[PDB]
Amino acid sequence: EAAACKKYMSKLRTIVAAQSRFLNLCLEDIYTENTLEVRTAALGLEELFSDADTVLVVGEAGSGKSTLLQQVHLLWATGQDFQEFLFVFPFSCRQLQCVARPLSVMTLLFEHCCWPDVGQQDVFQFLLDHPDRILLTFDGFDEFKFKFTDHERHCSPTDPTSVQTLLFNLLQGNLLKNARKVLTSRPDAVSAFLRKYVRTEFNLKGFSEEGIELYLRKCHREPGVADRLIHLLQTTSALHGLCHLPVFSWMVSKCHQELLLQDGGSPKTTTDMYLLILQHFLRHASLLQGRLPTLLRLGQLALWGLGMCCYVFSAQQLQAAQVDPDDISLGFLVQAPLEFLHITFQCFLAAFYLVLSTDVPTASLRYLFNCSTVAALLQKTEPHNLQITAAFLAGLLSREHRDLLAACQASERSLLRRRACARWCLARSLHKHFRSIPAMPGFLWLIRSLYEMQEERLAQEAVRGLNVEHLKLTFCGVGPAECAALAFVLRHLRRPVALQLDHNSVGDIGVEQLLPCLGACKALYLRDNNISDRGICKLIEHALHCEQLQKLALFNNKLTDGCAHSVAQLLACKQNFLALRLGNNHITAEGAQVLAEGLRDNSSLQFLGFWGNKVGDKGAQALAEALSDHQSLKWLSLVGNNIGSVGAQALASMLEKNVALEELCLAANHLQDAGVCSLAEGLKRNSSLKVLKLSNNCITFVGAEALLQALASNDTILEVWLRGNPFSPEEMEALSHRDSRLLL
């Protein structure tokens, strides 16, 4: 025999592993790296854990959050990772919302997760006694409803209470203090009330471009099929775009065979994708009117549930919405209480119902864009689900799908009327948005909706009269397909806009999908967006034809010497260009030498940044020589670029000639007193440079003096930064007294 603890441990592992294992398929063969990032390197799943003991994982519908927990569970239940926890308790929030009956923690862990065969009482005790060896996971937290009578304290494990009260208290640390928790949610339902008690907060972006490649390889084993899909994607920017989000990579893979036939051109918008998967399911049975009433019966349930904030259905609810076995087999319902294959499929079918059902009055649709029980359901529906439904609604009414839908109607009269109502709401939508700004996730969904409807004139109308100068979309979850929408709408602006896209997941594919609106930008900010030389070399060939575009910022991407020649062409040819930021990439001396040629033949540039790169002495020469004669550049960072005294000589020689450079940043090289001395020689023939940052540079009092001697005859400099250098406390005292401008 063994005790009741070791017995439960082993039951739990069995049951968890048994559920975690499968998605005929095997999660362990199929799971594919899905990047995990923080604040608010970049860490893998295995690094998930490293006061307040609850970790949060947040990402858009379909970014792989459910599947991430599922792998955590599998990895634990089989020994491979996360072995510090003796017990792991998987929960699904959409299933807990369905429990009215108040609950104790016991009845939770045991009735609603895993029943111990023996020792119930003794086991629970062990858990209470050793909480630091417990993990609880809660999937899809957004699918709870937290109310005004669920905030009370409650520390009793044995005392019944409501379901949500348990969670609230679990997370604070009132129940199972020091036990770990992991939550997955959409970005909306994370308020700062919760956020107080979160260890760390991760963000789940989706597959990188080589993720997708991997994924496809893992799923398709047939000889070189993965290759031929990776070909399809590499010839089809839009489809490739969508696949950065695994639910699309899944769909693509799921329809490989019909995608590879085509014959009739690939899909482009998200609605196209959801239509393609629909017809796939319908081939296991026009084709669509064949199963029309089925889809309507499902859509009705979808909208119902959506309006009700119920994403799981009891066979009583299923009979009450008249869904027979023949309906269920079509395969949108799954997993016996049933749920929709994915939340997005609920939203698609709801949108479908909304288009075609003859119980949906035109005016009800006005609620999808914020402008019948149908109407009432829409008002009660969660915003992040309405945003999605409405995007699909837009798509289904596109001109491309006139015909599909004209099959199912006896009378297009109805469709004409809904199209026109949607179109009306959409045209108003962007004014409605900016005029009530007392936001910017709401903005993209409006963009996505205009893009899906696919009418060009409609984008134009929606944008007419707006006065946008700056458009901040940082940390907004912008991928390759958000980029496609953004382009679709923004290209129509007549005011050059500053497109601030810092900290997203644009990548090379997003850059390509942005290009049509590049003409409408005066400034493109794409820091921390995982862009390679392929992306930037493309971006430049197009930038050369946009005279409006003057600033480009590409800090912290994967650029390398391979982009050098393109950069040389940019500086040499665009001649109203103002600002270029390339900090934190992998440019080296050779790239620097190469691109500098373009600098020599440049007239207009004003800022040029290289912080974090490694141009070194030969790269610092080549830039210095280029900038000696250069008439407009006023700022230059070579911070952290491994520049010895050889490059500092060259930069000095530059200052004897250059008459325009005002600031020159050098912190974090290895300059030594040698370099500072020639730099100081330079200052004695420069009546123009204002600031000279020289922090963290192995400079000794010897150097400081050469600078001070030069500062004797030079009055134009305002500051010379030296902090962090090897100065003795007694040496520092002296330097304060000796000249005011030396910032220590």
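Numbering starts at 1 and runs along the sequence shown.
- Coordinates are lacking for 4 to 9 deposited residues between residue 50 and residue 51.
- Where coordinates are absent for parts of the deposited sequence, a chain break appears; between neighbours residue 371 and residue 372 it spans 10 or more residues.
- Annotation for 195 to 203 versus 504 to 512: the higher mean temperature factor (C-alpha) is found in 195 to 203.
- Look at the mean CA B-factor for 116 to 124 and for 343 to 351 in the entry; the higher one is 116 to 124.
- Taking only the listed residues 63, 32, 35, 695, the entry reports the highest CA temperature factor at 35.
- For the set 566, 253, 156, 235, the maximum C-alpha B-factor listed in the entry falls on 156.
- Residue 686 sits in the middle third of its chain by CA B factor, as recorded in the PDB entry.
- Residue 89: CA B factor in the middle third of modelled residues in this chain (values from the PDB entry).
- In this PDB entry, the Cα temperature factor of residue 641 sits in the bottom third of its chain's modelled residues, the lowest group.
- Residue 244: CA B factor in the lowest third of modelled residues in this chain (values from the PDB entry).
- Among the modelled residues of the chain, residue 409 sits in the highest third by CA temperature factor in this PDB entry.
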